[PDB]
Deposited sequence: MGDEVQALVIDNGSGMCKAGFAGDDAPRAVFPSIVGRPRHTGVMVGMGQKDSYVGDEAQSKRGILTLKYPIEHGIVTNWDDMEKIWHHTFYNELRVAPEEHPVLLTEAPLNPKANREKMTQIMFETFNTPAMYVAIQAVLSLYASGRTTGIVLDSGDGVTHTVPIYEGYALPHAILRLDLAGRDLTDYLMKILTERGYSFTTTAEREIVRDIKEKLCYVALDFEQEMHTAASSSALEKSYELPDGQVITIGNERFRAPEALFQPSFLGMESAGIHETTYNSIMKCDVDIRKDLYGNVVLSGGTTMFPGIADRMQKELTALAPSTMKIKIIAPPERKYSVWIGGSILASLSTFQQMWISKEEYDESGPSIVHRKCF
């Protein structure tokens, strides 16, 4: 009787079985529709990307919120039938949602699961809350940076405090994009989507967050200590210097991207400040980093330094950056749905048939 765990990210969908330490499938959150309409009706994930030249590629969860439900149903259908090789009518399904998800969207997720997929039971959990659970905490603040969105989520005993949730439309996608722009200074010309994929790999392997940006910039200007080599697929070898820490610097200095937003450190502080003074000690002492974009070496120390400069002088600040933080949302879901104490929390079909989609509000 295995529960399913589905983490629908702005960039990658992570799916698998509750009780497992890792998702069985990780695939891009893209739907491909034929341009000519004359052979399959739609393509999802890796297959959609491999046929990009003949399909209209769709990103239905671009910034964490679903903008197209049909595209969403297609992603879910592909997850069950192609990726996990399951019949959704045989399993309780745990779905993840973005923080501050509109009430109408939570209802659509619920309706689609019971009506389109005939799930015997389901549940909708906030991604950030699942990340906190993965680290064995029920109170704390999560900095979740993924592909198309970053959120700072204060949590008190499992409840995400909505008035205190902040969102930045700045994450991995923007950093990869910035890196392509700054790599032109080296005569490099990364423009094609396949070249965008190479740059994302350079970002994931050689980028890091400087403890002191100003100092780091001086070091790279004064020496060749920070220069790193990278071998391209063709066989050609390129060098990357200050671009290694300049691209992730945009998380702390959104003006580098031409954005007026406050950096990730100030956003975390603004979220703590929106909460009652009595729990701030619990927030500062439990700062949980989540998502692929928080994977940068040096990010935890930089957050510790930045937060220390903003926090009351007497405040103990603790940054928790697990090495598996790229999949912590999924891991938290796996823990949650496989817990004995969670079994009475599921929304059953019986309950749904009696109440309609509105049941998600009272239950999730």
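> List in ascending order the stretches of the deposited sequence, numbered from 1, that lack C-alpha coordinates.
Coordinates drop out over 1-4, 43-48, 375.
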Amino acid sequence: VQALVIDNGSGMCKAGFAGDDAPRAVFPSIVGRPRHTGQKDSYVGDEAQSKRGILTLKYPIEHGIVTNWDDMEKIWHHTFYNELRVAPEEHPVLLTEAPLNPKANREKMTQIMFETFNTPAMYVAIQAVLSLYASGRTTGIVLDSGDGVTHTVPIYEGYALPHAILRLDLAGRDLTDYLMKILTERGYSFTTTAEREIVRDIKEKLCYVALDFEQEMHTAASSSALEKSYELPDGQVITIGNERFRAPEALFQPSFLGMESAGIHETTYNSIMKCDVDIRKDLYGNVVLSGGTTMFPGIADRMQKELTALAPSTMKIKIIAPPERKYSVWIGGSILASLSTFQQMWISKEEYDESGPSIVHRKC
From here on, numbers count along this sequence of modelled residues.
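> Hey, which bit's got the bigger mean C-alpha B factor in the entry, 342-350 or 12-20?
Looking at the recorded C-alpha B-factors, 342-350 comes out higher on average.
> Mean C-alpha B factor from the entry: is it higher for 71-79 or for 195-203?
Taking the mean C-alpha B-factor of 71-79 and of 195-203, the larger value falls to 195-203.
> At the C-alpha atoms, which of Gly45, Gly38, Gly333, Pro297 reaches the highest B-factor in this entry?
When the deposited C-alpha B-factors of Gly45, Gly38, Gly333, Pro297 are compared, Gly38 is largest.
> Determine which member of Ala250, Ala220, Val287, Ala121 has the highest CA B-factor, using the values in the deposited entry.
Among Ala250, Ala220, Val287, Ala121, the PDB entry lists the largest C-alpha B-factor for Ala220.
> Considering every modelled residue of the chain and its Cα B-factor in the PDB entry, is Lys326 in the lowest, middle or highest third?
For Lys326, whose C-alpha B-factor we compare with every modelled residue in the chain, the answer is the middle third.
> So where's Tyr208 on the chain's Cα temperature factor ranking, which third?
Answer is middle: the recorded C-alpha B-factor places it there.
> Taking the C-alpha B-factors as the PDB entry records them, is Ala98 in the lowest, middle or highest third of its chain?
It belongs to the lowest third of the chain when residues are ordered by C-alpha B-factor.
> Would you mind checking where the Cα B-factor of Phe256 ranks among the modelled residues of its chain, as the lowest, middle or highest third?
Within its chain, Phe256 is a highest-third residue by C-alpha B-factor, going by the deposited values.
> Would the CA B-factor of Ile30 place it in the lowest, middle or highest third of its chain?
Ranked within chain, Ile30 CA B lands in the middle tercile.
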